[PDB]
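K.L.:
Structure provided below as structure tokens; questions to follow.
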Amino acid sequence: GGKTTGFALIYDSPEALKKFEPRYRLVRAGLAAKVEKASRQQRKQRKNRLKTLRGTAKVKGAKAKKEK
Amino acid sequence: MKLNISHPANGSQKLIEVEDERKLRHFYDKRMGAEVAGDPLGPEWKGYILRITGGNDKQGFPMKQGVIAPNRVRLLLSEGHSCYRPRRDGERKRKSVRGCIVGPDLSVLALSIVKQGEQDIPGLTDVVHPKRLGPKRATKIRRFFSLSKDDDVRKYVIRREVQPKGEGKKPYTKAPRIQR
Amino acid sequence: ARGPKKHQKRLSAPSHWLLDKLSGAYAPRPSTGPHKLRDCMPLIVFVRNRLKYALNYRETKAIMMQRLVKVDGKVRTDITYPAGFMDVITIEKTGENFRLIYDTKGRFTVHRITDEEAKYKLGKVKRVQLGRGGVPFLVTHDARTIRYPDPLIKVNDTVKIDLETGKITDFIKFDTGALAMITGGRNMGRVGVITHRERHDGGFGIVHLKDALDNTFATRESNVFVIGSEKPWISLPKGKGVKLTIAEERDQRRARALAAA
Amino acid sequence: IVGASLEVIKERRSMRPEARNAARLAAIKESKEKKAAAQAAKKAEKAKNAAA
Amino acid sequence: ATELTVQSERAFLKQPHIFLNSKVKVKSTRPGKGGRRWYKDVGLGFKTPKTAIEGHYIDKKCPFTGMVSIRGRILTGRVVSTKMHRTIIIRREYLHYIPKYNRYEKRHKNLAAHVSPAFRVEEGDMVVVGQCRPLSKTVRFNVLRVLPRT
RNA sequence: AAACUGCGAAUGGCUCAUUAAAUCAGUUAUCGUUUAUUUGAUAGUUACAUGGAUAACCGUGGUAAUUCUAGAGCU
RNA sequence: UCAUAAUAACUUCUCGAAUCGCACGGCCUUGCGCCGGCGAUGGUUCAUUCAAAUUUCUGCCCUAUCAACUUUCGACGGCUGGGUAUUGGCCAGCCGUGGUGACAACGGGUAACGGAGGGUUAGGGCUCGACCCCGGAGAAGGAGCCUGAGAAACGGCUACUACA
Ligand SMILES: [Mg+2]
Ligand SMILES: [Mg+2]
Ligand SMILES: [Mg+2]
Ligand SMILES: [Mg+2]
Ligand SMILES: [Mg+2]
Ligand SMILES: [Mg+2]
Ligand SMILES: [Mg+2]
Ligand SMILES: [Mg+2]
Ligand SMILES: [Mg+2]
Ligand SMILES: [Mg+2]
Ligand SMILES: [Mg+2]
Ligand SMILES: [Mg+2]
Ligand SMILES: [Mg+2]
Ligand SMILES: [Mg+2]
Ligand SMILES: [Mg+2]
Ligand SMILES: [Mg+2]
Ligand SMILES: [Mg+2]
Ligand SMILES: [Mg+2]
Ligand SMILES: [Mg+2]
Ligand SMILES: [Mg+2]
Numbered sequence: 069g070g071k072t073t074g075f076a077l078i079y080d081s082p083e084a085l086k087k088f089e090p091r092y093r094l095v096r097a098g099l100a101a102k103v104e105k106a107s108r109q110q111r112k113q114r115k116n117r118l119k120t121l122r123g124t125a126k127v128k129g130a131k132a133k134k135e136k
Numbered sequence: 001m002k003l004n005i006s007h008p009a010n011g012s013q014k015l016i017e018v019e020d021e022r023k024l025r026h027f028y029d030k031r032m033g034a035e036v037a038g039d040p041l042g043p044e045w046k047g048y049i050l051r052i053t054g055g056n057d058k059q060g061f062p063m064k065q066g067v068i069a070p071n072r073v074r075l076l077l078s079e080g081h082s083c084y085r086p087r088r089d090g091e092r093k094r095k096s097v098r099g100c101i102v103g104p105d106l107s108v109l110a111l112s113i114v115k116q117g118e119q120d121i122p123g124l125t126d127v128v129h130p131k132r133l134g135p136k137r138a139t140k141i142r143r144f145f146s147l148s149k150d151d152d153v154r155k156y157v158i159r160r161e162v163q164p165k166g167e168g169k170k171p172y173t174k175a176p177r178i179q180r
Numbered sequence: 002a003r004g005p006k007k008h009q010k011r012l013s014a015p016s017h018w019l020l021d022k023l024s025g026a027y028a029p030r031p032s033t034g035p036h037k038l039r040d041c042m043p044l045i046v047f048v049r050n051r052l053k054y055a056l057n058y059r060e061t062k063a064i065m066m067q068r069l070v071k072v073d074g075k076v077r078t079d080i081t082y083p084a085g086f087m088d089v090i091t092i093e094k095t096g097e098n099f100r101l102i103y104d105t106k107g108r109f110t111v112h113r114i115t116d117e118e119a120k121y122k123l124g125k126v127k128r129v130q131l132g133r134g135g136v137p138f139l140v141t142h143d144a145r146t147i148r149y150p151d152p153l154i155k156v157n158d159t160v161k162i163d164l165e166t167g168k169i170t171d172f173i174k175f176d177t178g179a180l181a182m183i184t185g186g187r188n189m190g191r192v193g194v195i196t197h198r199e200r201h202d203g204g205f206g207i208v209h210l211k212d213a214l215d216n217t218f219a220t221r222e223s224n225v226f227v228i229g230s231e232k233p234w235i236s237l238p239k240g241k242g243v244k245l246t247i248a249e250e251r252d253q254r255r256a257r258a259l260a261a262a
Numbered sequence: 082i083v084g085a086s087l088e089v090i091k092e093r094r095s096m097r098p099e100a101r102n103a104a105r106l107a108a109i110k111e112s113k114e115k116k117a118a119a120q121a122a123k124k125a126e127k128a129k130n131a132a133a
Numbered sequence: 002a003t004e005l006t007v008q009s010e011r012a013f014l015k016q017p018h019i020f021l022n023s024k025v026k027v028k029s030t031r032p033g034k035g036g037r038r039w040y041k042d043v044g045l046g047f048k049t050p051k052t053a054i055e056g057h058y059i060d061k062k063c064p065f066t067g068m069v070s071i072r073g074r075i076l077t078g079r080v081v082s083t084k085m086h087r088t089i090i091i092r093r094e095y096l097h098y099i100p101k102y103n104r105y106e107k108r109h110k111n112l113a114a115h116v117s118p119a120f121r122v123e124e125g126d127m128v129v130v131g132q133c134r135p136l137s138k139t140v141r142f143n144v145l146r147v148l149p150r151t
């Protein structure tokens, strides 16, 4: 046929739209940019790797000098 | 067999290498937490008395106060014991610790200075290190400076200075947010 | 089984919620509160599935965080809050008030009420006795306890609640000739007048009612809820709970359809 | 302590009571005049705003 | 029932919280208040027998002058064994229906109940029992009424 | 950020080895008991504010080896 | 012998707020004085909610080449206690001799988790159900325990056996 059916939302102000709309819809319209992230497994693998360090896990190279 | 010597008064620590056994003979058969004289270590140690605090075995196990044995024993360490850090509420784990009787088997001793001698140590007692933090509670601030009941404890807190990374601006001051 | 449950499986939820068997595997699992789990009205089901104000689960909690919706004059902020019989739901921003009441088919329906009527409630009394210090008190069907009540009030009666100060203002005795609405059983939602009551020592007494159209039915005492003597105090929904048979419903359906169009 | 060298601590603990007494009197009046200034500023401003 | 003596045991048998040594004497109609024997009424149209109120026996499991409440089912049966001490066995008979063959068959069950010294029970008599809390390994009912003999 | 403290981790998901009045089904009882959380009520017998510890952090180490840990100094 | 109240006493003995965030206000003896709003987090008892543990009645497949069974060291009941969140032969002492069975007990088989239900149909039936919903049990085989409102927990700990 030549008929099409969908859904529509009309917002009071442009600022009210960005407050309630989901992010993925914003990317479709081009208002907002996409989020850059790593894969789901790489994020999970990194999370479990940091469970073996206690305190100031950002830099842990101090243990390289123990062997001399 | 290394020695770890610490100076609580000056807040300084040092590590020395000792290879001659007859100097270490007087340390043997002593218990953890006892008093010993440092004279056999050398002429520079005259007038010094030291306190035995702990040590490590050759395999790496630490000494535990309260167990009388020259060898090492397996124990069921609960929460609150010395060489155990539980990972879960109510957890109990069986571990192995080395006794509190000093012997030739251990690899490192830990000991501290109780009484200063006439001579100085080249790298231990000739330098001092400052404290890190001042008091934060309200009553402790008053006692430290011997203030009266109403002396505006706000004004007497210790404040240091810090500056940004490379902004070129002036440094500012930091304060501890008095509690109680 | 090693503790209490926290999940509700779809296809096991109460039937009167009218939930589709597809589109997911779980159900809202109403939280603990003043009303029983079997017969309650979770707020998310009311807002999203009946009023259709919120599209999905994510936006249902967005409304609640703004404290827009309140029940019995006090704002509630959890989506799975168990509402029940006689509760008053007020949304000030849109400007209407709701009362939760059964229809003739045994399920909750939307029912507009005026602002003047949305400031009082009524509930069945559960027990009367002396508390700590000798102070008398009673508890209603929605876990409201009130001290210093009228000594004439006994169990199984109903009391009008101010809902602003929580004080009893008038009451109705439980006796023959009263007007009552059923809350449980197969005769759920019917409205009738108590004809007479028969009691059995050892529990489970029964009462006989009579409909407006001279129909007759019976129910256990635990399912009868007095709402008035004559001219019921609350505003009844459309149909007044008369329970037309299946023959009349299709007769009425086509008569209404052809008359309008 | 790192914040104050040893000369600072004993200087502050051994300050004579006369200096401390002056500090209390200087501070107590500073707040009093500060409080009074805010009290008069608000009461007069509301009068002219109401009039015009 | 036939009991030779009331105090024939290691300890002293008495109803709890019934004070018996008072200097002043006061006469009251109430059962437990004045210091005389205590008893209650079970209900459900069950009348306290005369032997209970005026008897001297001590029993902590009797529905009358005891610490047991009766609630639940009420059943009937015929006694088949009376050879224990204050305990009897009753026999209940019924008919089970087999659907395929469209007819019934006989079945029976055995029940254990506690009998109070107020009643006198013989073999082959019909009794009425009421449910109570567990009093033993296999005793959960209490005798209430003894039907008259033919 | 880190670390102390509070809460959760006893729900979910998987499987059918054991089990023949046992599990289980419909129907009763708790006047024979425990109950975090939610909801509603409810407690008149130096004070303008009490006392000692500990982690993160700084610094000195051990063991081939693990989400192992020692002794010293602040709050 | 309930709710609740009163009296004589008792206790390594409790609880009755030394906690936190927004607003910037009002009195006159103007003292760095007094009073005052709404929330968060806690707290003793009763009620409620999600429950949980025990408990009444009736109902399960084949087998007699299974006919008598249960009490050494509780098997059925009485009494005084001990223990448990509580009842109870659940356990300790003392005293009686009972309890189930041809209306099929007791024992052996099950290529047996139970139920809602699936397949096949004149009616009556025969057969299957590990499996999306509800209840129970288990985490290689056995036992023991810590924390907690809730576990005899195993993506928690201790020991032996078997693997590694
Ligand atoms: Mg009842
Ligand atoms: Mg919580
Ligand atoms: Mg927990
Ligand atoms: Mg589960
Ligand atoms: Mg699978
Ligand atoms: Mg509360
Ligand atoms: Mg009482
Ligand atoms: Mg007993
Ligand atoms: Mg026989
Ligand atoms: Mg089967
Ligand atoms: Mg099997
Ligand atoms: Mg199955
Ligand atoms: Mg199988
Ligand atoms: Mg399949
Ligand atoms: Mg396996
Ligand atoms: Mg907890
Ligand atoms: Mg398990
Ligand atoms: Mg296990
Ligand atoms: Mg696993
Ligand atoms: Mg698990």
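Protein chains in written order, with PDB author numbering: chain SY, 69 to 136; chain SG, 1 to 180; chain SE, 2 to 262; chain LW, 82 to 133; chain SL, 2 to 151.
Note that beta-carbon positions come from the ideal geometry of N, C-alpha and C, so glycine has one too.
(1) SE:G167 and SE:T141: beta carbons closer than 8 Å?
(2) Taking its Cβ as the centre, do 16 or more other Cβ atoms sit within 10 Å of SG:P130, making it buried, or is it exposed?
(3) What separation, rounded to the nearest whole angstrom, lies between the Cα atoms of SG:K95 and SG:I101?
(4) What residues in its chain sit with their C-beta under 8 Å from that of SL:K101, if we drop five residues either side in the sequence?
(5) So which residues on chain LW does SG:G134 lean against when the C-beta distance must stay under 7 Å?
(6) Less than 7 Å between C-beta atoms, sequence neighbours within five positions excluded: which residues of the same chain meet that for SL:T139?
(7) Considering Cα atoms alone, identify which of SL:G125, SL:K24 and SL:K41 is closest to SL:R31.
(8) Can you give me the Cβ contacts of SG:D120 inside the same chain, cut-off strictly under 7 Å, excluding the 5 residues immediately before and after it?
(9) What does the alpha-carbon distance come out to for the pair SE:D212 and SE:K232?
(10) Would you mind working out which of SL:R134, SL:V147, SL:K110 and SL:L148 sits nearest SL:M68, comparing C-alpha positions?
(11) When the cut-off is 8 Å and only beta carbons count, does LW:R94 lie next to chain SG?
(12) Assuming SG:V97 contacts SG:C83 (C-beta within less than 8 Å), just tell me the rounded distance between them.
(13) Please confirm if the stretch 58-77 of chain SE is in contact with the stretch 189-208 of chain SE, defined as three or more CB-CB distances below 8 Å between the two stretches.
(14) Give a yes or no on whether the minimum CB-CB distance between SG:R160 and chain LW is below 8 Å.
(15) So which residues of chain SG does LW:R101 contact, with C-beta pairs closer than 7 Å?
(16) Mind listing which residues of the stretch 107-128 of chain LW have their C-beta closer than 8 Å to chain SG's C-betas, in chain order?
(17) Provide the residue span of the alpha helix (DSSP H) that contains SG:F144, from first to last.
(18) Are there 16 or more other CB atoms within 10 angstroms of the CB of SL:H115, so buried, or fewer, so exposed?
(19) Are the Cβ atoms of SG:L111 and SG:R160 separated by less than 8 Å?
(20) With a threshold of 8 Å between beta carbons, is SG:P130 in contact with chain LW?
(21) Would you say SE:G190 and SE:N224 are within 8 Å of each other, going by their C-beta atoms?
(22) If you scan the stretch 195-253 of chain SE from start to end, which runs of the beta strand (DSSP E) of 3 or more residues do you find wholly inside it?
(23) Answer yes or no: do SE:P29 and SE:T81 have a C-beta to C-beta separation smaller than 8 Å?
(24) Kindly provide the ranges of any alpha helix (DSSP H) runs that are 4 or more residues long and lie completely inside the stretch 47-118 of chain SL, ordered along the chain.
(25) Please check if any C-beta of chain LW sits within less than 8 Å of the C-beta of SG:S146.
(26) How about SE:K71 and SE:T95: do their beta carbons lie closer than 8 Å?
(27) Exposed or buried, what is SL:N143 when buried is set at 16 or more other beta-carbons lying within 10 Å of its beta-carbon?
(28) Closest by CA to SL:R146, which one among SL:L21, SL:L96, SL:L14 and SL:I75?
(29) Can you tell me whether DSSP reads SE:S16 as helix, strand or coil?
(30) Per DSSP, SG:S96 is paired with what?
(31) Which value, in whole angstroms, describes the spacing of the CA atoms of SY:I78 and SY:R93?
(32) Helix, strand or coil, according to DSSP, for SG:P43 in the structure here?
(33) Ends of the beta strand (DSSP E) at SL:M127?
(34) Check whether the stretch 75-91 of chain SL touches the stretch 118-131 of chain SL, counting contact only when three or more Cβ pairs, one atom from each stretch, lie closer than 8 Å.
(35) What does the alpha-carbon distance come out to for the pair SG:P40 and SG:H26?
P.N.:
Once the coordinates are examined:
(1) Here residue 167 of chain SE corresponds to residue number 166 of the third sequence, with the count starting at 1. Here residue 141 of chain SE corresponds to residue number 140 of the third sequence, with the count starting at 1. The answer is no: Cβ separation not under 8 Å.
(2) Taking the first residue of the second sequence as position 1, residue 130 of chain SG is located at position 130. By the neighbour-count rule (16 or more Cβ atoms within 10 Å), SG:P130 is not buried but exposed.
(3) Residue 95 of chain SG sits at position 95 when you count from the first residue of the second sequence. Residue 101 of chain SG sits at position 101 when you count from the first residue of the second sequence. Going from the Cα of SG:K95 to the Cα of SG:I101 covers about 19 Å.
(4) Stepping through the fifth sequence from its first residue, residue 101 of chain SL is reached at position 100. The answer is none, since no qualifying residue turns up.
(5) As a working note, residue 134 of chain SG is residue 134 in the second sequence. Correct list: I82 and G84.
(6) Within the fifth sequence, numbered from 1, the residue matching residue 139 of chain SL stands at position 138. Excluding positions up to five away in sequence, the list reads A113.
(7) To locate residue 31 of chain SL, count along the fifth sequence from 1; it is residue 30. Measuring from the Cα of SL:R31, the nearest candidate turns out to be SL:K41.
(8) Here the question's residue 120 of chain SG lines up with position 120 in the second sequence. The residues are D126.
(9) Within the third sequence, residue 212 of chain SE is the residue found at index 211, counting from 1. Within the third sequence, residue 232 of chain SE is the residue found at index 231, counting from 1. Each residue's Cα considered, the two are about 14 Å apart.
(10) As a first step, residue 68 of chain SL is located in the fifth sequence; it is residue number 67 there, counting from the start. Answer by Cα proximity: SL:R134.
(11) Sequence index remark: in the fourth sequence, residue 94 of chain LW carries index 13 (1-based). Interface residue (Cβ-Cβ distance to chain SG less than 8 Å): LW:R94 is classified as such.
(12) The count along the second sequence starts at 1 and reaches residue 97 of chain SG at position 97. The count along the second sequence starts at 1 and reaches residue 83 of chain SG at position 83. Indeed, because the Cβ distance is near 6 Å, the residues count as touching under 8 Å.
(13) no
(14) As a working note, residue 160 of chain SG is residue 160 in the second sequence. Yes, because at least one Cβ of chain LW sits closer than 8 Å to the Cβ of SG:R160.
(15) Translated into the one-based positions of the fourth sequence, residue 101 of chain LW becomes position 20. Neighbours of LW:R101 on chain SG, chain order: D151.
(16) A108
(17) Counting from one through the second sequence, the residue named residue 144 of chain SG turns up at place 144. For SG:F144, the enclosing alpha helix (DSSP H) starts and ends at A138 to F144.
(18) Position 114 of the fifth sequence, counting from 1, holds the residue named residue 115 of chain SL. The residue is buried, with at least 16 neighbouring Cβ atoms inside 10 Å.
(19) As a first step, residue 111 of chain SG is located in the second sequence; it is residue number 111 there, counting from the start. As a first step, residue 160 of chain SG is located in the second sequence; it is residue number 160 there, counting from the start. Going by C-beta atoms, SG:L111 is not nearer than 8 Å to SG:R160.
(20) Counting from 1 along the second sequence, the entry for residue 130 of chain SG is found at position 130. Yes - at least one Cβ of chain LW is within 8 Å of the one on SG:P130.
(21) Numbered from its first residue, the third sequence carries residue 190 of chain SE at position 189. Numbered from its first residue, the third sequence carries residue 224 of chain SE at position 223. Taking 8 Å as the Cβ cut-off, SE:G190 and SE:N224 do not qualify as a contacting pair.
(22) 207-211, 217-221 and 225-229
(23) Translated into the one-based positions of the third sequence, residue 29 of chain SE becomes position 28. Translated into the one-based positions of the third sequence, residue 81 of chain SE becomes position 80. Their beta carbons are under 8 Å apart, which means SE:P29 touches SE:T81 by this criterion.
(24) 51-55
(25) By one-based count along the second sequence, residue 146 of chain SG stands at place 146. Yes, its Cβ sits closer than 8 Å to a Cβ of chain LW.
(26) Stepping through the third sequence from its first residue, residue 71 of chain SE is reached at position 70. Stepping through the third sequence from its first residue, residue 95 of chain SE is reached at position 94. Cβ distance not < 8 Å, so SE:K71 and SE:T95 don't count as in contact.
(27) Walking along the fifth sequence from the start, residue 143 of chain SL turns up at place 142. Per the 10 Å Cβ criterion, buried.
(28) The count along the fifth sequence starts at 1 and reaches residue 146 of chain SL at position 145. Nearest option by C-alpha distance: SL:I75.
(29) On the third sequence, position 15 is the one that residue 16 of chain SE refers to. In this structure, SE:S16 counts as helix in the three-state DSSP scheme.
(30) Your numbering for residue 96 of chain SG matches position 96 in the second sequence. SG:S96 pairs with SG:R74.
(31) Position 10 of the first sequence, counted from the first residue, corresponds to residue 78 of chain SY. Position 25 of the first sequence, counted from the first residue, corresponds to residue 93 of chain SY. Cα to Cα, SY:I78 sits roughly 14 Å from SY:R93.
(32) Indexing the second sequence from 1 puts residue 43 of chain SG at position 43. Here SG:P43 sits in helix by DSSP.
(33) Translated into positions along the fifth sequence, residue 127 of chain SL becomes position 126. That run of the beta strand (DSSP E) goes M127 to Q132.
(34) Yes, they touch.
(35) Here residue 40 of chain SG refers to the residue found at position 40 when the second sequence is read from its first residue. Here residue 26 of chain SG refers to the residue found at position 26 when the second sequence is read from its first residue. About 8 Å.
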